[PDB]
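# Working through the structure, step by step
For reference, the chains in residue letters:
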Amino acid sequence: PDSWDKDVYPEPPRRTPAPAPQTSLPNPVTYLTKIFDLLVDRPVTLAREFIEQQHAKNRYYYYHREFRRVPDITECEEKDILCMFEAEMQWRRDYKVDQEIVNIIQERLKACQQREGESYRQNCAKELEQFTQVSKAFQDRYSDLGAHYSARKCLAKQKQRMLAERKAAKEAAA
Amino acid sequence: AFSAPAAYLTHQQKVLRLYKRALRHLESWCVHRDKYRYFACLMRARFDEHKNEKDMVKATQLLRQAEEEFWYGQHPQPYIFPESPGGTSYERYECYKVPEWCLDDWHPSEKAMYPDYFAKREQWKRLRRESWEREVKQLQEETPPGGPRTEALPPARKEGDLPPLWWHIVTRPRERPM
Amino acid sequence: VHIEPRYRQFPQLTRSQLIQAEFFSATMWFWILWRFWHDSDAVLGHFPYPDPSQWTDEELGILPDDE
Amino acid sequence: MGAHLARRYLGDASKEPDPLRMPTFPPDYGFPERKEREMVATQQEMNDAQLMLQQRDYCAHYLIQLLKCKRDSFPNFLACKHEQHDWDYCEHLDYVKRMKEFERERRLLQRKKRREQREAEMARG
Amino acid sequence: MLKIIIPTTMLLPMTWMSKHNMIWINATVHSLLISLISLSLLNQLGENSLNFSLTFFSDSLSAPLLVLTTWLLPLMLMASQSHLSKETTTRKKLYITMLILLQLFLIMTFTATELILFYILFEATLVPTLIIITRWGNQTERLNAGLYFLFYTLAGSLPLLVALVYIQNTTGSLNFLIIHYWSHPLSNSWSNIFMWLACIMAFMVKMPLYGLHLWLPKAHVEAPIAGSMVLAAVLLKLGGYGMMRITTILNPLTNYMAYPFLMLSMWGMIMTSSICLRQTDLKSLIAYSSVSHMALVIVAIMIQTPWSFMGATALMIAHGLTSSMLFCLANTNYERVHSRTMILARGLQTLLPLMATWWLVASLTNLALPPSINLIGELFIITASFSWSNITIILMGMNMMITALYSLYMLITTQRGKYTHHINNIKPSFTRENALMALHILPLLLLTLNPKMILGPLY
Amino acid sequence: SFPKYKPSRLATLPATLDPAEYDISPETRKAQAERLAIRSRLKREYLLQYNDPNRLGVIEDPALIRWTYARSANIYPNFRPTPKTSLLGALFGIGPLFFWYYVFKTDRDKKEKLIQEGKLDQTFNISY
Amino acid sequence: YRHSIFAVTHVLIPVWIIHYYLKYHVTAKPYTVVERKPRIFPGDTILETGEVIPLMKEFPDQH
Amino acid sequence: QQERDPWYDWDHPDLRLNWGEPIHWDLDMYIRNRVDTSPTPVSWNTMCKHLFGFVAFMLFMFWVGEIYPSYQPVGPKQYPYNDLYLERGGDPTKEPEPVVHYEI
Amino acid sequence: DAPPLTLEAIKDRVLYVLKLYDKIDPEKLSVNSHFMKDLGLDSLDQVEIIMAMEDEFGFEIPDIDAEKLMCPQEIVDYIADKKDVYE
Amino acid sequence: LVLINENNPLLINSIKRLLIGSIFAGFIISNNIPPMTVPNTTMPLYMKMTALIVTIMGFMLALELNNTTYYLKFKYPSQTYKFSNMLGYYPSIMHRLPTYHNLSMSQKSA
Ligand SMILES: CCCCCCCCCCCCCCCCCC(=O)OC[C@H](COP(=O)([O-])OCC(O)COP(=O)([O-])OC[C@@H](COC(=O)CCCCCCCCCCCCCCCCC)OC(=O)CCCCCCCCCCCCCCCCC)OC(=O)CCCCCCCCCCCCCCCCC
Ligand SMILES: *P(=O)(O)OCC(C)(C)[C@H](O)C(=O)NCCC(=O)NCCSC(=O)CCCCCCCCCCCCC
């Protein structure tokens, strides 16, 4: 369906085997499926057709808000309240977007496990690696900021991480 | 339940209660009727053997030893009648017992749903209100100056009187109210 | 149907309940016998249990002690 | 349940096998030319059939055939007796192979005990 | 926020100018209208707060508390009109005036943007409460209860005033936005330790913290029904709100200074649940349940993680509603029999069916029964405490077991069994009482339907 | 003979096995008579109030009032700091606090040591 | 008549509402309804692409 | 109150109390819904000894059975592809140490 | 559930049990006969009679009340009052 | 007074419906579910018959011990009988001791 993006939410092609009956006995599942189609599917399809006809007469649109980029807390001067405000709001929006990214990856993982069923350990290794990488990066970014997290605290954590990486590189080169 | 208790249990009362308790527990042990009849006859034979005993000290010692024997040999899970205090059907209908004072708080429409019952209820209420002074006078005339020495109450000594403190005994909820 | 209480006597029964109880007991026993006739392996086993003592050292790949 | 437990516990644990360490001898020790077990069902076939990991043993092809037979004749749930017997027989053969492995381990252990006792006796004498 | 502040200041002259028999009707109707208007504050932003002006601002933490206060006022009016029938017109109007003043102070307290204005308002809330308790309480102990409440709160709050003026002199501003943006780490020194202690101890006494809590049973037992409703529902939440606000500037010292308070809160949660197990008074049982739940909230705020803050806010709202409902039910029983003893009246299920239903629902919510917001908050706090350490789960499990025990014990004692024989003045429940219980309980289930409205800014 | 029954505090001695039940002094009988007289006087008072047709309300129970008062409001005026009370209070109010403090501090110190040494399994711990 | 009225209301109306809700609302967001993929056996005909999954090799048949 | 007489005409039948009689300090815990101190057919010490003995013996025998387990005279079960290396989540890039099962 | 009891039914059943007692002569047994003054039984016999009535009607008579039931009419009245029989 | 009566159609029909399942439901359910576990095809005969043998031994021993109840012989209960009948003494101790201590500390201490 065009409701969502297939590239963002991938689904493997569906391979349904053709029925190969070996007995003359009638299939109760087939008979009940025919009954369900006759009694339920047709009336609900007619109702949805009427509703969609009524919708098409009043077609109106809504838009997605776009935020232009602004200088971040690194560029802001010390105790420059306006630049700090803009940078903090931008960091909070980025935090929300990153959280939704992790949510999308987790949904991929869950859906793939359920779809694979009994062979999930081998067939879901591709989605497990992506989740591992994304969770690792997200944890390193926002792991222990606290209840009163802020762009300044995230920047301080990044500075500490960069100093540690530089020290490790120097020690390895020594 | 309906009888006022005494200050103490005499020796006869103690031995009779022990006899009944032993018979009940023996019936619990001997499930079948023939076996129970045999062993109950033997138990009454023991009681009759010790029945004639002039020495009250010896009689009390026999009672004490019999009580110890009973406690050792009692059934861990004796049979209890369903309505009896230990029974499975005990206190099951206490949530269905509603009093008449609760009855009189009805709405006039609800009362009008039962026109004949409430006429007789009003008659009973008039009878209760017309007798309370005579009841309290009778109670305070017959009491000793020190106070009530027991929990028993007197009957109605007069032709037109009702026994004192009768309302709740007479109007207690039925054993199967709803 | 109304069944009157009996005092010190065997209670009144009904042909319907008698025949129903007999039919269901007979059904249980017929089912047990019929299933035992067809698939008795579910109770008595299906494949023989080998005796390890009868397996030869040649087929178990055991060399003679001296060798 | 069995006599092997009695022999191992109330007896010589050194001569009786250890189930958690078996095998302790090389597979070719005593077998000049020993053939590796043949697997009929492929990894892709088992993965597509979604056999549980416990069911993906060397008898997997018979299980796959039984599942296919059961799916096709659905209303008649008594029409797969031959496939069921084939799968059960393959499982029986696998079990007797495991029993042969246990017995081989046991008699190899007791042969080793006899050999080492003989060597010790020779060294003493 | 003036669109909500001014209608209360107009509730004042309307109450004083209305006729002698229309005071309750007018106050109730217009309080409900003000609550409806205040429902519009729940539309919050994901980035920052609602900055109305230089004086008042609203956030995801302030909005549900304001809605709870505004919704709580008419319920207090209904209970008060229950128990103040024979009062004179002037004293009825004074009672309504004290309630209105308390609501106005609470609204401005939750919406204040400076710490010093917040302090002034949250200390001003004591005067109407003290007057209500010590004037319209029933028993003798109301005077001692008022003294205990007043002096506990003031002894807590005066060092907070000193610390606030010191912080303003040091940093230049007490505005919450400025101190959030210009926050700096707190070095480990004795001076910083004592500043931390001053602020935290003020709000811990307001919470209350275990060992600082005797004023709570004293005041809640001896206050009138409206005083008990406001004391448990809202006034206990000022401490939690203050702690969730001031701890911005107390880091990283909170990591080291929180041990005594966490140990006190956990052990006192266990102790107050156990106390509830053996209480001969119904109001005291409800008060100690309040102490236990607020101890849990203190644990959440002290461990101070995004999952704990959401749990703290949800538990605060849920406890406010549940404790208010429990106090109302106990007061109806008291109005029947004129005594607070739990075992005096029994069989109230066979004498009053619908009240038995209300008792069952309130007691089920008092324990964490899923999917109620009580359970949502408690579960979030328990999860955050588990990530903090792995024996907090032991303590929380013990607390949950004892909470279920005493809640169902209270229900079984009051409702089930056989009715007391000599108590023959138990008239059928009033439509007013039933409507009060319904108005307590239905919003809680609606909040369960929509839980993101009470999870705070960290959601 | 038969094994004896040893009473406990949670499994008390039955009346039928109590030695004082079979040794009745004449003063015991008058004590029982006095007890029955007290009970009968109280029962008469309660029954008169109970059956009074003009009574509406609750028959106040002085015993219940005394019990509720003695349980709460009479404890502090009758409390004196004794060695027993001081030791019990110190134990029950301080020992648990420091026990839990030691437990939690030790656990968190070990966890922080593992975190610093970088050998703690913190993968997937996204929520905190 | 009573059973007919009961069957249409209590069974027909809920199944209509639930099928409408699932087909057009729930199955409109990704991953809301996830079906375990069908089992494919050797010698089968995949209907999506008209594909023939081949049979297994010859078994070493016994008895 | 459980020890109290059930057949007496108490003023409060459920609590088994009379109006005006002194109330035990621990009535809140000695009600019929709570701690029961009524006599038992067996002595408390005997009951404690028997219960502790049963539970301790069961724990000891569970440990003994753990150190002397029960099994069958069979070898380990065999799986085709390196004990199902890939199926159990193994890394396709790395080459597993081969596991070979032979006929017997 | 069960059919209600009646005074005549209670009297018939108690007299039935007492006539099935061997120590009581059926001919001279009337509803006003005293178990000891004019029937010649003793305390143990009265205890057994009360136990038989308990087994007959399926409920227990407390020992405090059972000691005073010295007449079949007294037993009938006691059982009727306990079971709430008025006809 | 025999009030035994079981001729109610509701009771008979409900017991009938649950009686068919107790005979045939196991066969249908076991034969319709897919094979989700490896069967134990090969095992010694005495192990195959262990369940039936122990069930029959229990039947016989319990039946004999119940038949001995008809004898005109009386004997006091054993220690094992008291332990078994009184639920292993677990409810007594574990419902009187921990509850007493907790409810005592809840008032004396807290
Ligand atoms: C700290 C110890 C921890 C132990 C942990 C392990 C526990 C294992 C439990 C074993 C089973 C115990 C069964 C009896 C317990 C209850 C006793 C009782 O009071 O019953 C009365 C009760 C009757 O109640 P009632 O109608 O109220 O009558 C009251 C009595 O008249 C009142 O008269 P009473 O009081 O005289 O009646 C009791 C009396 C009469 O009951 C019996 O005799 C029951 C005998 C059961 C069968 C035992 C022999 C089984 C032989 C099997 C042979 C074939 C093996 C398989 C291989 C075949 C091919 C080679 O029992 C005894 O005197 C003792 C019986 C054996 C006790 C075993 C536990 C020992 C505990 C520690 C030692 C205590 C010693 C001192 C005792 C106390 C001081 C005096 O009995 C029954 O209802 C049925 C009893 C049991 C029937 C089933 C027996 C077969 C199933 C269990 C045995 C295993 C069979 C093989 C299984 C598969 C293996 C692969
Ligand atoms: P009626 O008014 O004639 O009653 C006659 C009485 C008994 C009152 C006598 O007048 C009397 O008091 N006689 C002297 C005292 C006396 O007889 N005492 C005997 C009582 S004990 C006795 O010796 C018999 C007891 C033996 C049985 C004990 C029961 C133990 C086994 C119980 C086991 C329970 C389960 C099996």
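## Focus on the overall build of chain H
Scanning chain H from terminus to terminus reveals two helices and zero strands. Taking 104 residues into account, the globule formula puts the C-alpha radius of gyration at 13 Å, and chain H, at 33 Å, lies well above it. When its C-alpha atoms are laid out on the principal axes, chain H stretches across 90 × 35 × 25 Å. Within the span of chain H, comprising 104 residues, buried residues form 42% of the whole. Long-range pairs, those at least 24 residues apart, make up 18% of the contacts in chain H with a sequence separation of at least 6. As displayed, chain H offers around 5800 Å² of accessible surface, 61% of which is attributable to carbon and sulfur atoms. Averaging the coordinates of the 8 positive side-chain charges in chain H and doing the same for the 16 negative ones gives two points 2 Å apart.

## Examining the site of ligand 2
Within the structure, ligand 2 sits among 19 residues, and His 11, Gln 12, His 50 and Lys 51 of chain B together with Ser 43 of chain I are positioned closest to it. Near ligand 2, residues from chains B, I and J are present, making the site a shared one. Residue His 50 of chain B places a main-chain N or O atom 2.8 Å away from an oxygen atom belonging to ligand 2. At 2.9 Å, a backbone N or O of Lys 51 of chain B approaches a nitrogen atom of ligand 2. Across the complex, the protein chains shield 90% of the 880 Å² of accessible surface that ligand 2 would expose by itself. Breaking the shell around ligand 2 down by element, the ones donating at least two residues are α1 (11-29), α2 (33-49) and α3 (56-73) of chain B. Split by residue class, the shell around ligand 2 holds ten nonpolar, six polar and three charged.

## Thoughts on the site of ligand 1
Lining the immediate surroundings of ligand 1 are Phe 57 of chain H together with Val 54, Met 57, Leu 61, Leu 65, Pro 77, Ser 78, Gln 79, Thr 80 and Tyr 81 of chain J. At the site occupied by ligand 1, nearby residues are drawn from chains H and J. Compared with its free state, where it exposes 1800 Å², ligand 1 has 35% of that area covered by protein. Of all the elements, helix α3 (residues 50-67) of chain J adds the most residues to the shell around ligand 1, at four residues. Here the shell around ligand 1 is built from residues that sort into seven nonpolar, three polar and no charged.

## Overview of the side chain of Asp 57 of chain D
Position of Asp 57 of chain D among the secondary structure elements: in the loop between α2 (43-49) and α3 (60-72). One polar contact links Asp 57 of chain D to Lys 77 of chain H, side chain to side chain, over a distance of 3.0 Å.

## What to know about a nonpolar patch on the surface
All names here are of chain H. On the surface, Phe 52, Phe 54, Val 55, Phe 57, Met 58, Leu 59, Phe 60, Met 61, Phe 62, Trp 63, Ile 67 and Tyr 68 cluster together into a nonpolar patch covering about 1300 Å² of accessible area. Inspection of the secondary structure assignment puts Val 55 in helix α2 (residues 44-67). Residue classification places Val 55 among the partly exposed positions, given a relative accessible area of 41%.

## A word on the arrangement of the chains
Contacts between protein chains span 25 pairs of chains, and they are most numerous for chains D and H. Spatially, chain B and chain C are disjoint, and the shortest separation between their C-alpha atoms is 15 Å. The two units chain C and chain G remain apart, with a minimum C-alpha distance of 14 Å.

## Notes on the interface of chain H and chain D
Of the residues lining the interface, 23 residues belong to chain H; the matching set on chain D comes to 36 residues. A combined buried area of about 3000 Å² lies between chain H and chain D, and 59% of that area is made up of carbon and sulfur atoms. Its largest share of buried area at the contact with chain D, chain H owes to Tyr 71, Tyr 102 and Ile 104 of chain H, together 26% of the area lost on that side. Applying the counting rule to chain H against chain D returns two salt bridges. In this structure, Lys 77 of chain H and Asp 57 of chain D form a salt bridge, with 3.0 Å as the shortest nitrogen-oxygen distance. Seen at the junction of chain H and chain D, the total is 13 residue pairs in polar contact. Looking at the side of chain H that touches chain D residue by residue, the class counts come to 14 nonpolar, five polar and four charged.

## Brief notes about the packing of aromatic side chains
All names here are of chain E. This model, assessed by the stated rule, comprises 60 aromatic pairs over all chains. Between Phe 118 and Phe 122, the aromatic rings sit 5.5 Å apart at their centres with planes inclined by 0°, giving stacked as the arrangement. You can see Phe 118 and its partner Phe 122 sitting in helix α5 (residues 115-124), four residues apart, about one turn around the helix. Both residues of the pair, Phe 118 and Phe 122, belong to the buried class.

## What about the interface of chain D and chain C?
Taken together, the contact between chain D and chain C spans 18 residues of the former and 18 residues of the latter. Summing both partners gives a buried area of about 1600 Å² for chain D against chain C, and 65% of it is carried by carbon and sulfur. Counting the surface chain D buries against chain C, the share from its top three residues, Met 99, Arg 107 and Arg 111 of chain D, is 32%. In this assembly, chain D and chain C are joined by two salt bridges. Close ionic contact of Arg 114 of chain D with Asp 65 of chain C constitutes a salt bridge, the shortest N to O distance being 2.8 Å. Scanning the region where chain D abuts chain C turns up five residue pairs in polar contact. Considering only residue class, the side of chain D that touches chain C consists of seven nonpolar, three polar and eight charged.

## Quick word on unusual backbone geometry
Cis geometry marks the peptide bond from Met 207 of chain E to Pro 208 of chain E, where omega comes out at 5°. Following the sequence through the fold, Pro 208 of chain E ends up in the loop between α9 (190-206) and α10 (215-222). Looking along the chain, the bond that leaves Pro 370 of chain E and enters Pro 371 of chain E is cis, with omega of -5°. On the secondary structure map, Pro 371 of chain E appears in the loop between α18 (353-366) and α19 (373-388). The backbone of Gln 50 of chain D sits at a positive phi, close to 60°, despite the residue not being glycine. Tracing the backbone through its elements, the reader meets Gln 50 of chain D in the loop between α2 and α3. Classification of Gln 50 of chain D as buried rests on a relative accessible area of 1%. Not every positive phi belongs to a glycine, and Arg 16 of chain H is a case in point at roughly 55°.

## What to know about the side chain of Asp 45 of chain I
Checked against the element boundaries, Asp 45 of chain I lands in helix α2 (residues 43-57). In this structure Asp 45 of chain I touches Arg 44 of chain B together with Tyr 21 and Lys 23 of chain I, once residues within four positions along its chain are discounted.

## What about the UniProt feature "transmembrane region" (unreviewed entry) in chain H?
Per the UniProt entry, the sites bearing "transmembrane region" (unreviewed entry) are residues 51-71 of chain H in this numbering. Structurally, residues 51-71 of chain H is divided into 81% helix and 0% strand, and its ends, taken at the C-alpha atoms, are 31 Å apart.

## Looking at the state of the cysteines
Enumeration over the complete set of coordinates arrives at zero disulfides over all chains. With no disulfide of its own, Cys 112 of chain A lies closest to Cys 124 of chain A among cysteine sulfurs, the gap being 5.1 Å. Taking relative accessible area as the criterion, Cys 112 of chain A reaches 7% and is therefore assigned buried. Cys 102 of chain B supplies the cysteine sulfur nearest to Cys 95 of chain B, a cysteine that is in no disulfide, at a spacing of 14 Å.

## Things to note about the environment of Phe 35 of chain I
All names here are of chain I. Relative to the helices and strands, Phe 35 is located in the loop between α1 (7-20) and α2. By relative accessible area, which is 0% here, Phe 35 ends up buried. Once the C-alpha coordinates of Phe 35 and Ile 79 are considered, the two residues, 44 residues apart in sequence, prove to be 17 Å apart. In contact with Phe 35, other than residues within four places in its own chain, are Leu 18, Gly 40, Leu 41, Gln 46, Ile 49, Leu 69, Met 70, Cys 71, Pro 72 and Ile 75.

## Brief notes about the pattern of salt bridges
Opposite charge on two side chains permits pairing when their charged atoms draw close. Taken as a whole and assessed by the stated rule, the structure comprises 72 salt bridges over all chains. Notably, a salt bridge pairs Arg 141 of chain A with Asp 98 of chain A, separated by 2.6 Å at the nearest N-O pair. Here the residue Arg 141 of chain A occupies a position in helix α4 (residues 125-142), and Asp 98 of chain A occupies one in helix α2 (residues 81-116), the gap between them amounting to 43 residues. Taking the shortest distance from any N to any O, the salt bridge between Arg 176 of chain B and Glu 83 of chain B comes out at 3.1 Å. You can see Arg 176 of chain B sitting in the segment after α8 (167-170) and its partner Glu 83 of chain B sitting in the loop between α3 and α4 (100-103), a full 93 residues away along the chain. Connected through salt bridges with shared partners, the residues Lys 20, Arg 24, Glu 27 and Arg 33 of chain B together with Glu 54, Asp 55 and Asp 63 of chain I form a single ionic network.

## Digging into the packing of α5 of chain E against helix α12 (residues 237-246) of chain E
Residues and elements named next belong to chain E. Contact geometry of α5 with α12 gives a least axis separation of 12 Å together with a crossing angle of 170°. Relative to α12, the element α5 is oriented roughly antiparallel. Counted together, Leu 115, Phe 118 and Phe 122 of α5 and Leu 238, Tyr 241, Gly 242 and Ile 246 of α12 form the full contact between these two elements. In terms of residue class, the contact of α5 with α12 is built from six nonpolar, one polar and no charged.

Procedures and definitions
Residues numbered from 1 in each chain as written, not as in the entry; some residues may be left out. Chains lettered and ligands numbered in written order. Part of a larger assembly, values for the part shown. Heavy atoms only, no water. Helix = DSSP H or I, 4+ residues; strand = E, 2+ residues; numbered from the N terminus. Rg over C-alpha atoms; globule rule 2.2 N^0.38 Å. Buried < 20%, exposed > 50% of the residue type's maximum accessible area, 1.4 Å probe, protein only. Contact = heavy atoms within 4.5 Å. Areas by Shrake-Rupley, 256 points an atom, 1.4 Å probe, with all protein chains shown as cover. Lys, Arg positive; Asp, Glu negative; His and termini not counted. Charge placed at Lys NZ, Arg CZ, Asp CG, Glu CD. Near = heavy atom within 4 Å. Polar contact = N/O pair within 3.5 Å; in protein donor to acceptor, adjacent residues only side chain to side chain. Nonpolar A, V, L, I, M, F, W, Y, C, P; charged D, E, K, R; others polar. Patch = residues over 30% accessible without salt bridge, like charges linked within 9 Å, V, L, I, M, F, W, Y side chains within 5 Å. Salt bridge = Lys/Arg side-chain N within 4 Å of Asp/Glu carboxyl O. Buried area = accessible area lost by both parts, 1.4 Å probe. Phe/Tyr/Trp six-rings, centres within 6.5 Å; stacked < 30°, edge-to-face > 60°. UniProt positions renumbered as here; feature names shortened; annotations may be inferred. Disulfide = S-S within 2.5 Å. Axes fitted to C-alpha atoms, helices over the stretch in contact; angles between N-to-C directions. Parallel < 35°, antiparallel > 145°, perpendicular 65-115°, else oblique.

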